[PDB]
>>> print(open('upload.txt').read())   # compact mmCIF, C-alpha atoms and all ligand atoms
# COMPACT_ATOMS: atom_id res chain seq x y z
CA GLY E 1 -9.89 38.93 14.25
CA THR E 2 -6.15 39.63 14.53
CA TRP E 3 -3.98 36.53 14.48
CA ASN E 4 -1.03 36.15 16.86
CA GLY E 5 1.70 33.61 17.44
CA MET E 6 2.98 31.63 14.47
CA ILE E 7 -0.27 32.23 12.60
CA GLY E 8 0.10 35.95 13.30
CA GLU E 9 3.66 35.92 11.98
CA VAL E 10 2.55 34.14 8.81
CA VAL E 11 -0.40 36.51 8.30
CA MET E 12 1.81 39.59 8.70
CA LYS E 13 4.42 37.97 6.39
CA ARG E 14 6.99 38.10 9.20
CA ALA E 15 7.32 34.31 8.87
CA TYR E 16 7.19 33.22 5.23
CA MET E 17 6.86 29.47 5.76
CA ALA E 18 5.61 27.77 8.93
CA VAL E 19 7.16 24.86 10.83
CA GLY E 20 5.63 23.23 13.90
CA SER E 21 3.30 20.53 15.22
CA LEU E 22 0.12 22.45 14.46
CA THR E 23 -3.04 20.68 13.29
CA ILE E 24 -5.40 21.81 10.50
CA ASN E 25 -8.18 24.25 11.40
CA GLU E 26 -10.75 25.99 9.24
CA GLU E 27 -9.97 29.42 10.69
CA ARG E 28 -6.32 29.01 9.73
CA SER E 29 -7.38 27.58 6.36
CA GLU E 30 -9.01 30.89 5.45
CA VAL E 31 -5.85 32.88 6.23
CA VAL E 32 -3.04 30.47 5.22
CA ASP E 33 -2.55 27.51 2.88
CA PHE E 34 -2.37 24.11 4.56
CA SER E 35 0.17 21.81 2.95
CA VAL E 36 0.05 18.02 2.68
CA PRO E 37 0.35 16.56 6.20
CA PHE E 38 3.27 14.30 7.04
CA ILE E 39 1.68 12.46 10.00
CA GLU E 40 -1.84 11.80 11.25
CA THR E 41 -3.64 12.60 14.51
CA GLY E 42 -7.13 13.25 15.84
CA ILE E 43 -9.54 12.73 18.72
CA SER E 44 -7.86 9.78 20.45
CA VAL E 45 -8.48 8.12 23.81
CA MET E 46 -5.81 6.50 25.97
CA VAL E 47 -6.51 4.02 28.77
CA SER E 48 -4.34 2.23 31.32
CA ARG E 49 -3.00 -1.05 29.96
CA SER E 50 -3.93 -2.75 33.26
CA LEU T 1 -5.97 13.33 -18.45
CA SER T 2 -7.74 12.66 -21.74
CA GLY T 3 -10.83 14.61 -20.65
CA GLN T 4 -13.35 11.75 -20.55
CA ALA T 5 -14.47 12.20 -16.93
CA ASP T 6 -14.40 15.49 -15.05
CA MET T 7 -13.76 14.64 -11.38
CA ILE T 8 -12.55 11.44 -9.76
CA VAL T 9 -14.05 10.06 -6.56
CA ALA T 10 -12.34 6.85 -5.46
CA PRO T 11 -9.98 5.70 -2.77
CA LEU T 12 -6.75 6.11 -4.75
CA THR T 13 -3.34 6.52 -3.12
CA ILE T 14 -1.23 9.56 -3.98
CA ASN T 15 2.22 8.58 -5.28
CA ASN T 16 4.71 10.97 -6.86
CA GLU T 17 3.82 10.40 -10.51
CA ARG T 18 0.10 11.18 -10.56
CA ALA T 19 0.79 14.01 -8.11
CA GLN T 20 3.20 15.54 -10.61
CA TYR T 21 0.58 15.10 -13.32
CA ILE T 22 -2.36 16.39 -11.24
CA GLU T 23 -2.61 17.96 -7.80
CA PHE T 24 -4.79 16.55 -5.02
CA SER T 25 -6.85 17.88 -2.13
CA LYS T 26 -6.72 16.95 1.54
CA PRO T 27 -6.94 13.20 2.27
CA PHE T 28 -10.56 12.57 3.20
CA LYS T 29 -9.68 9.24 4.82
CA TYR T 30 -6.46 8.07 6.45
CA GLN T 31 -5.22 4.57 5.78
CA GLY T 32 -2.44 2.09 6.27
CA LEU T 33 -1.23 -1.15 4.74
CA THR T 34 -1.49 -4.70 6.04
CA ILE T 35 -1.14 -8.31 4.96
CA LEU T 36 -4.27 -10.46 5.22
CA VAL T 37 -4.45 -14.22 5.80
CA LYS T 38 -7.39 -16.50 6.60
CA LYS T 39 -5.87 -17.26 10.04
CA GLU T 40 -5.74 -20.96 10.96
CA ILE T 41 -8.12 -23.33 12.74
CA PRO T 42 -6.66 -24.06 16.21
CA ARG T 43 -5.51 -27.68 16.13
CA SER T 44 -3.10 -29.50 18.42
CA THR T 45 -1.07 -32.03 16.43
CA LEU T 46 -0.03 -35.23 18.19
CA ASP T 47 -0.50 -38.95 17.65
CA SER T 48 -1.93 -40.63 20.75
CA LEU I 1 -9.46 -13.00 8.62
CA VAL I 2 -6.67 -11.40 10.66
CA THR I 3 -4.53 -8.29 10.25
CA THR I 4 -0.74 -8.13 10.60
CA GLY I 5 1.62 -6.93 13.20
CA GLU I 6 2.09 -3.20 12.79
CA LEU I 7 0.78 -1.21 9.84
CA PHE I 8 3.06 0.68 7.47
CA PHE I 9 2.74 3.39 4.82
CA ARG I 10 0.43 5.55 6.95
CA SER I 11 -1.01 7.44 3.98
CA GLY I 12 -4.24 9.22 3.13
CA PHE I 13 -6.81 9.01 0.37
CA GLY I 14 -8.29 12.18 -0.96
CA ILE I 15 -9.50 13.65 -4.26
CA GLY I 16 -7.69 15.28 -7.19
CA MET I 17 -7.99 15.86 -10.95
CA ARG I 18 -6.48 18.13 -13.62
CA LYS I 19 -5.15 21.47 -12.49
CA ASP I 20 -7.87 23.53 -14.28
CA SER I 21 -10.16 23.20 -11.29
CA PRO I 22 -10.27 25.04 -7.95
CA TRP I 23 -12.94 22.59 -6.83
CA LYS I 24 -10.35 20.77 -4.68
CA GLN I 25 -10.30 23.75 -2.40
CA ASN I 26 -14.04 23.36 -1.84
CA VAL I 27 -13.28 19.65 -1.34
CA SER I 28 -10.99 20.54 1.51
CA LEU I 29 -13.72 22.90 2.70
CA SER I 30 -16.22 20.04 2.72
CA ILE I 31 -13.88 17.65 4.53
CA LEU I 32 -13.25 20.21 7.28
CA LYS I 33 -16.97 21.02 7.41
CA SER I 34 -17.65 17.34 8.04
CA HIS I 35 -14.85 17.45 10.60
CA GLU I 36 -17.01 20.10 12.30
CA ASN I 37 -20.17 17.96 12.23
CA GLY I 38 -19.01 14.34 12.40
CA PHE I 39 -20.01 12.99 9.00
CA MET I 40 -17.12 10.64 8.29
CA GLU I 41 -18.05 8.93 11.54
CA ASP I 42 -21.51 8.51 10.01
CA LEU I 43 -19.87 6.87 6.99
CA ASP I 44 -17.78 4.72 9.34
CA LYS I 45 -20.78 3.56 11.36
CA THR I 46 -22.64 2.90 8.10
CA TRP I 47 -19.90 0.94 6.29
CA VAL I 48 -16.61 0.50 8.16
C1 LIG E 101 -15.08 26.99 -4.49
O1 LIG E 101 -14.74 27.74 -3.32
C2 LIG E 101 -14.82 29.15 -3.56
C3 LIG E 101 -14.22 29.90 -2.38
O2 LIG E 101 -15.21 30.72 -1.75
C4 LIG E 101 -16.27 29.61 -3.80
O3 LIG E 101 -16.23 30.99 -4.24
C5 LIG E 101 -17.41 31.69 -3.78
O4 LIG E 101 -18.48 31.59 -4.70
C6 LIG E 101 -19.68 32.05 -4.11
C7 LIG E 101 -20.84 31.71 -5.03
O5 LIG E 101 -20.65 30.40 -5.56
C8 LIG E 101 -19.56 33.55 -3.88
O6 LIG E 101 -20.74 34.03 -3.23
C9 LIG E 101 -18.34 33.88 -3.03
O7 LIG E 101 -18.11 35.29 -3.04
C10 LIG E 101 -17.10 33.16 -3.54
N1 LIG E 101 -16.02 33.29 -2.60
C11 LIG E 101 -14.77 33.49 -3.01
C12 LIG E 101 -14.04 34.61 -2.35
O8 LIG E 101 -14.26 32.80 -3.88
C13 LIG E 101 -16.97 28.68 -4.80
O9 LIG E 101 -18.38 28.75 -4.59
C14 LIG E 101 -16.58 27.20 -4.69
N2 LIG E 101 -16.99 26.52 -5.90
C15 LIG E 101 -16.92 27.12 -7.09
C16 LIG E 101 -18.23 27.34 -7.79
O10 LIG E 101 -15.86 27.45 -7.58
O1 LIG E 102 -2.25 23.47 16.23
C1 LIG E 102 -1.98 23.64 17.45
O2 LIG E 102 -2.22 24.75 17.99
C2 LIG E 102 -1.39 22.50 18.28
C3 LIG E 102 -2.26 22.46 19.54
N1 LIG E 102 -2.31 21.20 20.26
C4 LIG E 102 -3.48 21.27 21.11
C5 LIG E 102 -3.48 20.14 22.13
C6 LIG E 102 -4.93 19.72 22.41
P1 LIG E 102 -5.81 20.98 23.45
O3 LIG E 102 -6.08 22.23 22.63
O4 LIG E 102 -4.97 21.34 24.65
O5 LIG E 102 -7.12 20.39 23.91
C7 LIG E 102 -2.42 20.06 19.37
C8 LIG E 102 -1.33 20.08 18.30
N2 LIG E 102 -1.41 21.28 17.49
>>> encode(input="upload.txt", output="structure tokens", more="lines below")
Ligand SMILES: *[C@@H]1O[C@H](CO)[C@@H](O[C@@H]2O[C@H](CO)[C@@H](O)[C@H](O)[C@H]2NC(C)=O)[C@H](O)[C@H]1NC(C)=O
Ligand SMILES: O=C(O)[C@H]1CN(CCCP(=O)(O)O)CCN1
Amino acid sequence: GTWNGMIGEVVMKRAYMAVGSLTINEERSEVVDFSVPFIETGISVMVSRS
Amino acid sequence: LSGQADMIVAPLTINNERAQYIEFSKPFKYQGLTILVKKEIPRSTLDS
Amino acid sequence: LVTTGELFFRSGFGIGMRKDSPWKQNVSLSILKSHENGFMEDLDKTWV
């Protein structure tokens, strides 16, 4: 239940705003406010060019 | 903005103007931008 | 029909109306809920 790391700092107001390459999760959504993303990502697969 | 319809559902981009006028939620679908042409039928040009 | 080169303006489409409406948070809730069940992939396999 207790958040740690960057999320923990934001929850405990130690870090006001957050900066980092962290994706969007529902658990974080309930404890912080997710801003508009600046780049996209997701479940991707990489294969050898061959 | 005139109050005719309540909620909008449509694939509309989010520029600065309408964002200033009204806020938006998370983007349900990512997208990019591309030119489209009806290719070309492969043909070798030469006389004889 | 053929697409171009590389795509540009890597944007997103979501949903937003007048500011008198906290429904957009539930919209984000629904999009993440479908992220947790694979429903946009259902839409993709149906349409896209
Ligand atoms: C919008 O999302 C909010 C966030 O939860 C919803 O608010 C809940 O409303 C239900 C009943 O509709 C209550 O049982 C919960 O206690 C509420 N949670 C909180 C803390 O807000 C709401 O249902 C969603 N849509 C509406 C109707 O605004
Ligand atoms: O939000 C975060 O915590 C980071 C985490 N990164 C996880 C890397 C994938 P996996 O967890 O190792 O399978 C992705 C970028 N955002």
>>> closest_atom_pairs(input="upload.txt", of="chain T", to="chain I", cutoff="6 Å", atoms="only C-alpha atoms", output="CSV")
residue,atom,partner,partner_atom,distance
T:7,CA,I:17,CA,5.9
T:11,CA,I:13,CA,5.6
T:12,CA,I:13,CA,5.9
T:13,CA,I:13,CA,5.5
T:22,CA,I:18,CA,5.1
T:23,CA,I:16,CA,5.8
T:24,CA,I:16,CA,3.8
T:25,CA,I:24,CA,5.2
T:26,CA,I:28,CA,5.6
T:27,CA,I:14,CA,3.6
T:28,CA,I:14,CA,4.8
T:29,CA,I:13,CA,5.3
T:30,CA,I:12,CA,4.2
T:31,CA,I:11,CA,5.4
T:32,CA,I:10,CA,4.5
T:33,CA,I:8,CA,5.4
T:34,CA,I:7,CA,5.6
T:35,CA,I:4,CA,5.7
T:36,CA,I:3,CA,5.5
T:37,CA,I:1,CA,5.9
T:38,CA,I:1,CA,4.5
T:39,CA,I:1,CA,5.7
>>> write_last_selection(input="upload.txt", atoms="C-alpha atoms", output="PDB file, in the coordinates of the input")
ATOM      1  CA  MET T   7     -13.760  14.640 -11.380  1.00  0.00           C
ATOM      2  CA  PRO T  11      -9.980   5.700  -2.770  1.00  0.00           C
ATOM      3  CA  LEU T  12      -6.750   6.110  -4.750  1.00  0.00           C
ATOM      4  CA  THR T  13      -3.340   6.520  -3.120  1.00  0.00           C
ATOM      5  CA  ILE T  22      -2.360  16.390 -11.240  1.00  0.00           C
ATOM      6  CA  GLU T  23      -2.610  17.960  -7.800  1.00  0.00           C
ATOM      7  CA  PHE T  24      -4.790  16.550  -5.020  1.00  0.00           C
ATOM      8  CA  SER T  25      -6.850  17.880  -2.130  1.00  0.00           C
ATOM      9  CA  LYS T  26      -6.720  16.950   1.540  1.00  0.00           C
ATOM     10  CA  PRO T  27      -6.940  13.200   2.270  1.00  0.00           C
ATOM     11  CA  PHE T  28     -10.560  12.570   3.200  1.00  0.00           C
ATOM     12  CA  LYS T  29      -9.680   9.240   4.820  1.00  0.00           C
ATOM     13  CA  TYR T  30      -6.460   8.070   6.450  1.00  0.00           C
ATOM     14  CA  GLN T  31      -5.220   4.570   5.780  1.00  0.00           C
ATOM     15  CA  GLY T  32      -2.440   2.090   6.270  1.00  0.00           C
ATOM     16  CA  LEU T  33      -1.230  -1.150   4.740  1.00  0.00           C
ATOM     17  CA  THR T  34      -1.490  -4.700   6.040  1.00  0.00           C
ATOM     18  CA  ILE T  35      -1.140  -8.310   4.960  1.00  0.00           C
ATOM     19  CA  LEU T  36      -4.270 -10.460   5.220  1.00  0.00           C
ATOM     20  CA  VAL T  37      -4.450 -14.220   5.800  1.00  0.00           C
ATOM     21  CA  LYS T  38      -7.390 -16.500   6.600  1.00  0.00           C
ATOM     22  CA  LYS T  39      -5.870 -17.260  10.040  1.00  0.00           C
TER      23      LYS T  39
END
>>> residues_near_ligand(input="upload.txt", ligand="ligand LIG 102 (chain E)", cutoff="12 Å", atoms="all atoms listed in the file", output="ChimeraX atom specification")
/E:4-7,18-29,34,39-44
>>> write_last_selection(input="upload.txt", atoms="C-alpha atoms", output="compact mmCIF listing (two decimals), in the coordinates of the input")
# COMPACT_ATOMS: atom_id res chain seq x y z
CA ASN E 4 -1.03 36.15 16.86
CA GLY E 5 1.70 33.61 17.44
CA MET E 6 2.98 31.63 14.47
CA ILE E 7 -0.27 32.23 12.60
CA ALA E 18 5.61 27.77 8.93
CA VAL E 19 7.16 24.86 10.83
CA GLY E 20 5.63 23.23 13.90
CA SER E 21 3.30 20.53 15.22
CA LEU E 22 0.12 22.45 14.46
CA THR E 23 -3.04 20.68 13.29
CA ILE E 24 -5.40 21.81 10.50
CA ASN E 25 -8.18 24.25 11.40
CA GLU E 26 -10.75 25.99 9.24
CA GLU E 27 -9.97 29.42 10.69
CA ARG E 28 -6.32 29.01 9.73
CA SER E 29 -7.38 27.58 6.36
CA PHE E 34 -2.37 24.11 4.56
CA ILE E 39 1.68 12.46 10.00
CA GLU E 40 -1.84 11.80 11.25
CA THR E 41 -3.64 12.60 14.51
CA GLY E 42 -7.13 13.25 15.84
CA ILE E 43 -9.54 12.73 18.72
CA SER E 44 -7.86 9.78 20.45
>>> axis_aligned_box(input="upload.txt", around="ligand LIG 101 (chain E)", padding_each_side="3 Å", output="JSON")
{"center_x": -17.4, "center_y": 30.9, "center_z": -4.8, "size_x": 12.8, "size_y": 14.8, "size_z": 12.0}
>>> atom_distance(input="upload.txt", atom1="atom CA of residue 43 of chain I", atom2="atom CA of residue 8 of chain T")
18.8 Å
>>> atom_distance(input="upload.txt", atom1="atom CA of residue 39 of chain I", atom2="atom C16 of ligand LIG 101 (chain E)")
22.2 Å
>>> closest_residue(input="upload.txt", among="E:31, E:46, E:17, E:36", to="chain I", atoms="only C-alpha atoms")
E:36
>>> closest_residue(input="upload.txt", among="E:45, E:30, E:50, E:38", to="ligand LIG 101 (chain E)", atoms="only C-alpha atoms and all ligand atoms")
E:30
